[PDB]
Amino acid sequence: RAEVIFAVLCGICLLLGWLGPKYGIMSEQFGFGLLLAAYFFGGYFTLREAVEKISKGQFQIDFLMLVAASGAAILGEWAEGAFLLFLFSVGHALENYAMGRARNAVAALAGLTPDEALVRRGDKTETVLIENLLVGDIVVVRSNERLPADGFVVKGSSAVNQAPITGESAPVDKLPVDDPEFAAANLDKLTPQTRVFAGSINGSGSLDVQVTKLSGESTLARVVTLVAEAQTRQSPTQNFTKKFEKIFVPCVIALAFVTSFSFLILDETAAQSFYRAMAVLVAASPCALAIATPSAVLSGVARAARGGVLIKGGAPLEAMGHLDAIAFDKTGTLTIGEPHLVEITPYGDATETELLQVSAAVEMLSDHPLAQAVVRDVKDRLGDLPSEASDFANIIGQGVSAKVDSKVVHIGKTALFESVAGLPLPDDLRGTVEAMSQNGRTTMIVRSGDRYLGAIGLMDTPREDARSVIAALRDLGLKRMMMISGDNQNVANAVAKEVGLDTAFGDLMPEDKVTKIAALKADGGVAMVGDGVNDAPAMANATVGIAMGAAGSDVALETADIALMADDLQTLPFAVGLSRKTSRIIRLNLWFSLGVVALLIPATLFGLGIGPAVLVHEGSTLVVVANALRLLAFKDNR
């Protein structure tokens, strides 16, 4: 059920009703009945726009073209009224397929938070709605559940996936606060081992969480609100046309009456001064504009799709050229989103091969996220893997222990070796590791009996794509750029140097990304490129939101106005380039479409009739359509 086929039927009826009676075997009784159908199908939808708004509202172009057809039938019947209602009906349908809007992603966001929470009541645990949690309530979050509230940990220890908010999908170890009365009074001093957020996914261990924000004030409830209370962003060419229509219709109706009464002052017959009014009426119908403006959009959109960029409508395709600034998420946007082994630092008499073989011997038994990366990359660097360790056990929150070659091996955080029986950590190795941490490596220290073997460093490296695409976009004039990541500052700065972005912010919350975007939007067009929930508010508030089409959260793909379906960043230079040509093509088509009307209004006030009207309108429409079709040939020049 769609009305676009009425335009098709107007075509079939207009063509066969026009051709058959004159270049075929058809009665004018029948070909006129086809012209009647070409008015019926043309009129039935185009009518309602005017009827509906003019019942209480203001005048609009849909009034002009709809009565123009009636005039064409009443006076000098040429059935060009059909050419008008056909071309007006396609003028609607082509706009119909151009539209898109930002607020739509609500359906996914709700799934991130549970409806209910277990809450302690002395010797009982009750079930309550999150709407009914008071501050200072102790909720119970058990294994693999969604956390219901922003709070701090007060009982138990676990590994929590904070991906919806930090953008990092690696579990973060959480531990209980040492005094909850102090923490509740001094939330600003909450270590990130203890703070937790709603919509995080719990790990193996149950946690008691003391609530600190109400249901409506959690960081995720803010993400929901900011995505919903974002606006639509107007196409400038559309709103220019809105202005023009509102003034143009009451402008041309002046000529409608002045020329209607022209016989009273000038030597002309009354019925032909009425034909003068109908001529300037039906000439005024901007059939060129009604086709030119959407056809550039639909063409460029389909070209983008064949180039691997999904575009949600005309507005972002127009905005993408005029950008002064662009901002990038790190994790999963500029980086792939997974740790790689990047640094190896032997110690004492340990060789590099010994450090890697003991590391892989133990990490073959772990199920922490880093372990698979250690095994992958040791097998790549050495070509082969050692025998697995014995006696594997976790040291919860700090690392692991195992046994290799009859010697006890500990691997983990610097805090583990301060906490366990063996030789204390050397003061120089401590500093070498701290320098790896400052340079943005997640670091493990490896110790074997008497001997520290050394340390290894892993980092989520940037896409090879990235530095090339950044410099490219600078050449196209995007001299305002920054990175805004929820990941910690050392990883952000290290990847910023690797990618070549000089301003880089980590440890951001989603609202902080909206703040950096607002500081850019004030001074130009800004685009936001991202892959996760914590980016969706910035995507909605920015001038144009762009999601990684494959790594993207469904929230981001719904919210964004652009999706890079390849996860190829080199689509961005193409996307802005096509946008610019798309703006040029319609810019030129706009002044053709106006001139054909604005220059031939007086040519019909000079007495030209309906016969020239249809021909000129046909020529204008054909030229605008063909010029728009240039965009299908646009080239990547990659």
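Don't overthink the numbering: it's just position in the shown sequence, from 1.
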For this session: Output the stretch having the higher mean C-alpha B factor in the entry; the candidates are 569 to 577 and 60 to 68.
Result: 60 to 68
For this session: Between 51 to 59 and 594 to 602, point out the one with the higher average CA B-factor as the PDB entry records it.
Result: 51 to 59
Exercise. For the listed residues 115, 338, 487, 80, which one has the largest C-alpha B-factor as given in the deposited model?
Worked result: 80
Exercise. According to the deposited entry, which of 272, 333, 162, 206 has the largest Cα B-factor?
Worked result: 272
Problem set entry | Ranked C-alpha temperature factor of residue 236 among modelled chain residues, by third | highest
Exercise. According to the PDB entry, is the CA B factor of residue 151 in the bottom, middle or top third of its chain, that is, lowest, middle or highest?
Worked result: lowest
Problem set entry | Third of the chain's Cα B-factor distribution that residue 521 belongs to, per the entry | middle
Seminar exercise, completed: Sorting the chain's modelled residues by C-alpha B-factor and splitting them into thirds places residue 417 in the middle
Problem set entry | Third of chain Cα B-factors occupied by residue 218 | lowest
